[PDB]
Ligand code: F3S
Ligand SMILES: [Zn+2]
Ligand SMILES: [Zn+2]
């Protein structure tokens, strides 16, 4: 899916298409990336 | 002890519990085969669709 | 809110009401204790986790227990109407 | 069986009931909490959330916010009716905020309501603090409900029924002025006059020291009923709706009791 | 983490009285007078206001990178 660079918390977004020899942010060269919230309406009951 | 239910419904002693799961792709240098993290369309130990 | 009858005689009634709690039970007991001819009136909550009450009425035979319950309901309705009409004036 | 008024503050209302039984007054007090409908958030539709608060916590905070459900009691279906489908009984509010470079606090004035006569009671309620480059986008649905189902539907904060006091001064003991926690007594020309008798809570502490100069009784047929609303409804409307709920329940019970005798 | 919307014991709204009380107390005013004149009289709401910690101002720095 889509990822987000871990440096400075919410840095920038990248996708599957960035094929690199290792897990690395193409922009800042950071080795930790996270996953996006999969934009979709989520229903939660205010109980 | 007896606790007030109305104060509980206002969020008095509510809490959240966090658990962690972890995995690694072992390289298996002994035979050069490697792991991979993909879905399991057709595999031996399949669980269910 | 559903009612059922556990026991019933001319001078005895045991009524189980599901969907009710102290708000109506205490009012009905207080009104029943004022109706003439009623010798014993009580309500019980069998379990706090269950919303249901049991009303026990025992008269002296002059008036049927069901009639006593109807009279108590009439008294409560009269009091409620009077309260509305008096609060609306202030 | 008259009803007298003691005080009318912004949200408080105190009355004296003179010929009502204690059971009826207590029933009115309980129904002012349990069986009066107000508007509150029922469900939240989340699109984005980056705030420190999770979705469930944010939904709970939104639900606890009181809305002005005064004109909505005549245009929206009550929970006792069908109310779960047939749109026309749900109000919709939106919240779309974002912080650019500095932390930003989100207040209840940022909630935009589809229907203009249903607004938050107060616009200065802090909801969530957002850090840099954090945003929230959600839609919430409002509906009527009773306090019996959930406490977020209760229209009052305190509902009180207490006895009617009667304090009489027999002697001239000076201790009573410095013992009563309610400040009922006062010293005027060294006589121990009673200023505000209705403030006594039948504490019976002046009897421990005076014991002969002060007599305390409770009037057998008068009661004091004090309620304080939260802002959604005015107290008189709350009392009227509580008594109407009692009327409906009694009518239903009698109707289904006399039938099938 | 953040001030509760309502008092736990009674359903009185107390969240809107935090940013005044938190400021005027830091200005040298004694808490009792500020609480009394803000409209807080039952000691449950006084307990709610007097013992808040407000951690969220530190947690906004450490937020989930989702
Ligand atoms: S001293 Fe004071 S508050 Fe009540 S019963 Fe006796 S009056
Ligand atoms: Zn990066
Ligand atoms: Zn309180």
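Recorded method for this deposit: electron microscopy, 2.9 Å.
From the backbone N, Cα and C atoms, a Cβ is placed for every residue, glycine too.
Per Swiss-Prot, Zn(2+) binding site is recorded for E:7, E:10, E:44, E:45.
With a threshold of 8 Å between Cβ atoms, the binding-site residues E:10, E:44, E:45 that neighbour chain D are E:10. Using a 10 Å Cβ-Cβ cutoff, residue E:44 (Zn(2+) binding site) registers 14 neighbours. In the three-state DSSP reading, residue E:10 (Zn(2+) binding site) counts as coil.
Cβ neighbour count for residue E:10 (Zn(2+) binding site): 21 (other Cβ atoms within 10 Å of its Cβ, all protein chains included). For residue E:7 (Zn(2+) binding site), the count of additional Cβ atoms within 10 Å of its Cβ stands at 22 [all protein chains shown].
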